[PDB]
Amino acid sequence: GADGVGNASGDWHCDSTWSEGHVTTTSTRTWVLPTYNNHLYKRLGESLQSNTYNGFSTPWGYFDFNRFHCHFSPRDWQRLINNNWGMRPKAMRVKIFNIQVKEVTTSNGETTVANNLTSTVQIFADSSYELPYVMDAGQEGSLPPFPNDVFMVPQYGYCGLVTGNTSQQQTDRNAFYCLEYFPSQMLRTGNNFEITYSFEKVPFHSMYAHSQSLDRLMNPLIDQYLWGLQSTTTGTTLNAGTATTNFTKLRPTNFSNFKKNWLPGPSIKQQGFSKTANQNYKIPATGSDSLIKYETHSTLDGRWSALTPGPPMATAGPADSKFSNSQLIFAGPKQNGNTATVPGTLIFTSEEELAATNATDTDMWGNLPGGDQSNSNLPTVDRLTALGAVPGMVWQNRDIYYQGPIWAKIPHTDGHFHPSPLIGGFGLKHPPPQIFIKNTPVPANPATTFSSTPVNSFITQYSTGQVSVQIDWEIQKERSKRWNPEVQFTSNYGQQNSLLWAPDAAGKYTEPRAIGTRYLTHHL
Amino acid sequence: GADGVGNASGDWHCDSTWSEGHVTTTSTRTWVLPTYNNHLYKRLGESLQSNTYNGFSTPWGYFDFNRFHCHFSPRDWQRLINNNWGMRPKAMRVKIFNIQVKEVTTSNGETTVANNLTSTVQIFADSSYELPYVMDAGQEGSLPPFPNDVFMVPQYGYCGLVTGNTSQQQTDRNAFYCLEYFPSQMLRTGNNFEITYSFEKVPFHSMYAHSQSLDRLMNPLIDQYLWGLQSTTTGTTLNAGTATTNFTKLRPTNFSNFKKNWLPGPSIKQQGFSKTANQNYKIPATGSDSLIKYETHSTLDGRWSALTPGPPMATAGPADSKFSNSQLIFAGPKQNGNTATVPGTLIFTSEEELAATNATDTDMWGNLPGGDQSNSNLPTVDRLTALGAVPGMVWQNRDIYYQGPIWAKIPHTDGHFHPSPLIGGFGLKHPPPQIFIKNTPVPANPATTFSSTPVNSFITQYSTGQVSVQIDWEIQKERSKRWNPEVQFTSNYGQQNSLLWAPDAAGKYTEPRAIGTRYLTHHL
Amino acid sequence: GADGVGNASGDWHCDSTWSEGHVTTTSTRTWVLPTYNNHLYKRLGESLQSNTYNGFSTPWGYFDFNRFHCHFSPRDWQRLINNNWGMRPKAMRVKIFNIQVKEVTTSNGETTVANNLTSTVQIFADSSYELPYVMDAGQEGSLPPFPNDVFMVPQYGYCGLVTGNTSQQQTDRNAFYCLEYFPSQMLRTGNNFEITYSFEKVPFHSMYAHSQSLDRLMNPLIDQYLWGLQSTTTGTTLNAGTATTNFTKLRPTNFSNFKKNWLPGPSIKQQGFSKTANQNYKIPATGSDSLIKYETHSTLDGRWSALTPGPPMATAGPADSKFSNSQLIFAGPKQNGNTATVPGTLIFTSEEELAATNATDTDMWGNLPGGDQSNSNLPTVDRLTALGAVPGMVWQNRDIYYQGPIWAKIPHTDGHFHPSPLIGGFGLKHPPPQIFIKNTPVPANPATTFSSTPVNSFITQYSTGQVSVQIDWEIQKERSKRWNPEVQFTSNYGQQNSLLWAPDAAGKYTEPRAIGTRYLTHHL
Ligand SMILES: Nc1ncnc2c1ncn2[C@H]1C[C@H](O)[C@@H](COP(=O)(O)O)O1
Ligand SMILES: Nc1ncnc2c1ncn2[C@H]1C[C@H](O)[C@@H](COP(=O)(O)O)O1
Ligand SMILES: Nc1ncnc2c1ncn2[C@H]1C[C@H](O)[C@@H](COP(=O)(O)O)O1
């Protein structure tokens, strides 16, 4: 990739091509790149007991396309989800171009901008995965959903290890990575970048809700050939009757005692809250009794971490007054602030579909006897609040969302367990590589006599250009023998003043709701 | 198409090549492209009871060549129409080039402009016809008739469906189209665009007036062998005579009772008005009794729409004091305003030629008895005001004008009827494609710290370049055995201070009159 | 097709195979055939003034598959309609088999049935179309929607011409057709029938609702270059002002006066009624003033015929209190009788979608002046109630329904107009052929001495067997650049006691609602 100054170095492609069981999304967006940290690396750190962290902020920016709406349009996502029991990324190709480097000159009063033709910009992809991976933390920076929205490239920054739960102080293990210590490609207008990636083979995402329920997978018309204890006494009253060993053949209408082959999957109880302000308990944000303490969390090296997405568990409804972590929440259309007090201002996700295989988040997994029953003792009935893997469990994973993550890098650790990103998406060992970009520094007028001191005065600059990502998605059509019509993502937003999923009168594009994927159905 | 900065990317071609029965018009014009809607899409809507509408306005512009004077010169149009009984578009080729992108900087006092070499402009043709077609609504935006007139590219905007006749409110059917969701070609100075199209096979336009009249297509020297009822009585006085059944052989001088094989085509009565202000009735513009109400109109979903061009019908004369819809009216040479009160300030079209086959607009189709005549009853003589298609009808279509439309897209509907654009022109299923163009957004100085908010600050820009359209027209020479000379479009504007059909002393080109096409003659 | 007694002569196939743009439905059903008209042809006739009719009833039965639900399942119809802008029949193959002939013997008290192995049954297809075509009259007899529902084969009967509007008396033109005067194929158990058909090339059915509205097909941002009369006076008051000729440039916000190229299609006013019993007028069924008289109807040879389906016209809503002919009405799920008084007991269809191109059924087409306006006269504003074809009209046709007709035979007449069955469906010149079937007569014990009198005593018999129809449907996927999600047929029947579109607890299958086809959208 290399030509002249007055020659576009690439074209605008915003395809959409469906077929058999392959769909290829292609999209381009214009971007802007500032001069981060005024050209330098800055060591980050701040002791915040549990929020304690340390690291570094770099002068580099980076492209992030880890959000579904970066590739599919509303209509597409609809297509995709109303006719396919699953999908998955297969291949990706990214390309940056039409680089334009600008140098600003703030006048006596206001700023004036001009084209620095010979100025260069750098790009390079960490395809060896030797740098903290940031594109999968569910953070901002991905491309805009709306094709014609210009966006700012995010600043690259990474965290180191926090030794302790007190100080951000760093050990001899903490490491510093320098992006200049990498081979980068230098570009000027007329040059361009391009790269290709191939997704690892990964399981198709569900994209369907279950019909049958795990506890009702038998023939309602027939007896088991298995027997069990029905009751130890004769009455209808606890601890009172002639006392006997009553065994049953386990036949229809019973079912809750039918011997079964599979159990619901692992769960960890979550605290449930109400959207109606006065049904909660009045826990504060800050303080020694901050919400954190009362919400189910994990503990790493003395530090707390909300069990946020957490294990795949059946959740509350999107409409239900109850909600909780485990439920993804996105900003509403009219919500533009770091804070809100009106539930109706936000968007609530829901894993209600999982109630066919997984346990409910706020409830429990089941119950255990708290001791050994006797003729002179009925044991306490304990609560199975958290339960790990056990032979015979099966479960569904969290759904995927139109404005959700697409993939996440699996942690470089010997051993794990069922690698599905908890925020959702595809867990890859080596995922789409992070592409870094940064404007090259331009020394301003220099001293006329030598100085071993590093340069300070730099011309002020910023760049802009387009970028396009093309991902090949493998999808699988359904083919069920279900007779009755299925549920489907439909418009149904009724009459409206300014069409939904479209810019308003002021020219602002905003996403009305969150869209799932599990509309279609498959049995167990 | 791709070369250097100091290298013209195309040349100026304003041909004219006649021959056998093929004529090729080629013309180029310089254009200017602004930054529409300040870069964004805006939802349009306004409840105006009957004028109610909704839609969107885009940041894109578009080339429109759907006007005859965009291609032929006065003299050409003359050539074309004085020797050919018909013509039609055959092929088209368009090309944009010499792109120049400029960035403005308004100084403390006044503006200053400079060349942004690396800035890009986008172009693309919706050749899949997947976008509201606008080029055929008889609106402004086509190229200037005068070769050396710079023009502004029109803003693309489209309307959605209006559900109701009250509110502009939109339903789940209304759709939003985004032009960035298309593959567009990016250009810089030195790049260029080009495309080719081939007109569908379509009937040659008339270009001739009829000699014979539909009701007089027999031999004036001979009797029919058919008989008919002449009169039911004996006198010369209605309802008075000896009463008898008088049949005739239907011979010469009669003719109005001759049995004929064809009837005049469909018509719908139109209200006629006078150019002399006090011969009308004093209907107001606005109000509950707006002109609309009193003028023949159609009704779609409770909304009114003037039956404007309407069915092909014989019209008043261009000089006659009477005029009406059904008659195309263009702005006069000295008329420069959205309004006028002096008929002589405007230009009146006329379908007077159709009086040989079609019914007259303001009159009626014919008459019917309002009941069954009897010896004790003479029925009311009813007025056949509107009549649809009936086996045996034949008719001529509206003429074509030098400054008229050339083609129009036939509506995507199962079924229609005789697809001739009512404003006139060629009805194509897939017509010359709409070519969209828009300047690419250029972020102004950006923030030094990341922000997930879409960019606002953009350098101010506008572009200019040339464009040329070449259309190959198939024409058919006459070959009549008519003996007497034919009528012809002649100059005859007598003496003049500043030659007509030429710029004036001030350098302004203005079109004197409207030119038809039906000067030559063919019989029936 | 011919084998043994203990050898199935065919298998059960109830496929469903989707693909590219071709879908093949295959379905089988079990049937029963009685002995119609006790073996003989009976001349039909009954003078009922306007309901007068004559004809013949035959001893033959016939297979009818002219209903969409005979082939697609709920889910299929859903698939089909949420992803395709159209479809059409391409090829068909039918086959009858597993013939079983039974002979009944009513005992002293009750009946006893036995297998008559050697008894034969006849089948034959009128593929020369030489017999009144009955399969397209929107009558009963088609196969059951539910695969496992046994059905009775319909009796074949046809009507002759009614000369007059008084007597059922027949002329020398009336004709009698005898099915025995055809080559039929005789079968016994072990034999079978089979046949293939290929649909004529026919336009794909719409399957989409329009976005844009016919009267709003321009760019809302630009002026026309055409001028028109705005008002004849100065005030805001009719017949009062300084009186002038006010012409306008016809620019935005106006639109109802914009010169347009196309008009709404033909229409004929229909009377509208209310579902709320006391908003009507109290017209009786029978009588000299029967509803017929007051409802728009046609008149053939003095006989009346409700203009029932009638012309494609925008209709009321399915929920609207107003309804009318022009709207297809089907029996509700709980409606089991020839009569009903509760609108909510039935199912109402709706062509509300056509309001983008067609005129509204109950309203009118538009308005005309009732005379010529003058300075001393403002003409009556007439109502354009019925309007036929007129150059420039365009329109959409009636939708298709899940339980609607599929095709209809075009009448054997020189000339017609836009052959789309008015009840809906595909108008074919030569449609799927009528397959006739009838049990062969079996003489009971006969006289021992000769008699030239035709046989009377026949063993009592009836037959049963399976039949399967396979139709290859050509469908076209969409491919719009619409951005916002589309409307879609979704379940949404909320919670329920007995799942919908599925048998109830009693084992009865009933269709909840009627399903259209126009969920997807295309512009104009
Ligand atoms: N997103 C994703 N990525 C990878 N694997 C997934 C994912 N979702 C479910 N699984 C399953 C597939 C295999 O059973 C498995 C292997 O983990 P391993 O430790 O590699 O033996 O985990
Ligand atoms: N401008 C134009 N375009 C197309 N057809 C025209 C036009 N003017 C007249 N006609 C006639 C030619 C055929 O008779 C016809 C077909 O309409 P169809 O519905 O395609 O059968 O309409
Ligand atoms: N269902 C159906 N069948 C056939 N034609 C249809 C149908 N629907 C619309 N049309 C249109 C297609 C052609 O324009 C036409 C020809 O009628 P013709 O009299 O054959 O010239 O009618």
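Tabulated data for the structure shown
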item: Built amide H within the under 5 Å cut-off of A:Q100, gap 5+; result: A:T464
item: Ranked packing of A:205-212, A:433-440, most packed first, by mean Cβ within 10 Å; result: A:433-440, A:205-212
item: CD proxy at 222 nm, helix term only [per DSSP H run n ≥ 4: -39500 (n - 2.57); per residue of chain C; nearest 500]; result: -500 deg cm²/dmol
item: At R0 = 22 Å, FRET efficiency that the Cβ-Cβ distance of C:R251 and B:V32 yields, to 0.05; result: 0.55
item: Shortest-first nm distances, C:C159 label point to equivalent points in other copies (7 Å, Cα→Cβ); result: 4.4, 8.2
item: Cα Rg, Dmax, region B:338-444, angstrom units; result: 22.8, 92
item: The protein assembly as shown - charge dipole about Cα centre, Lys and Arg +1 at Cβ, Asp and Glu -1, debye rounded to 20; result: 860
item: Hz values of 3J(HN,Hα) by residue in region A:186-191 - Karplus curve (6.51, -1.76, 1.60), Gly and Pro given as x; result: 8, 10, 10, 3, x, 9
item: Signed unit charges on C-beta, dipole axis of the protein assembly as shown, positive-most listed residue B:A240, A:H22, B:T413; result: B:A240
item: Between region C:276-324 and region A:454-474, the alpha-carbon center distance in angstrom; result: 70
item: Listed peptides B:6-12, C:305-311 by packing density, highest first (mean Cβ within 10 Å); result: C:305-311, B:6-12
item: Chain C - charge dipole about Cα centre, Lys and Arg +1 at Cβ, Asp and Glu -1, debye rounded to 20; result: 800
item: Computed E for C:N456/C:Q49 - FRET, C-beta separation, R0 41 angstrom, nearest 0.05; result: 0.65
item: Label point 7 Å beyond Cα of C:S274 along Cβ direction - residues of region C:321-344 with amide nitrogen under 19 Å; result: C:321-325, C:341-344
item: Separation of the A:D414 and A:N497 label points, Cα + 7 Å toward Cβ, nm; result: 6.4
item: Shape call, region C:1-107: gyration tensor on alpha carbons, a/c limit 1.5; result: oblate
item: Rg over Rh, two decimals, region C:368-524 (C-alpha only, Kirkwood Rh); result: 1.18
item: Vicinal HN-Hα couplings computed from phi for region A:120-126 (Karplus, 6.51 cos²θ - 1.76 cosθ + 1.60; Hz; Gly/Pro x); result: 10, 10, 10, 9, 5, 10, 6
item: For region B:323-339, Karplus couplings with θ = phi - 60° (6.51, -1.76, 1.60), whole Hz, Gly/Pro x; result: 8, 4, 4, 6, 10, 6, 10, 10, 5, x, x, 9, 8, 10, x, 6, 9
item: Size descriptor, Kirkwood hydrodynamic radius, that averages inverse alpha-carbon separations across chain B, Å; result: 27.2
item: Cβ-derived FRET efficiency at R0 35 Å, A:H523 paired with A:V342, nearest 0.05; result: 0.30
item: Whole-Å semi-axes of the ellipsoid equivalent to region C:76-154 (Cα gyration tensor, √5λ, descending); result: 36, 19, 14
item: Long-range amide H partners of B:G404 with built H, under 5 Å; result: B:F68, B:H69
item: Set of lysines with alpha-carbon distance to A:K275 below 28 Å, sequence-local pairs under 8 removed; result: A:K293, A:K322, A:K334
item: Placed amide H near B:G86: partners under 5 Å, 5+ positions off or other chain; result: B:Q476
item: Tensor-based shape of region C:167-227 (alpha-carbon gyration tensor, a/c under 1.5 rounded, otherwise prolate or oblate); result: oblate
item: Cα-Cα separations in the protein assembly as shown greater than 50 Å, expressed as whole percent; result: 51
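Bear in mind these aren't lab numbers, they're just calculated from the coordinates by the rules spelled out. Heads up, the Cβs are rebuilt from the backbone with ideal geometry, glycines too, and the neighbour counts pull from every protein chain shown.
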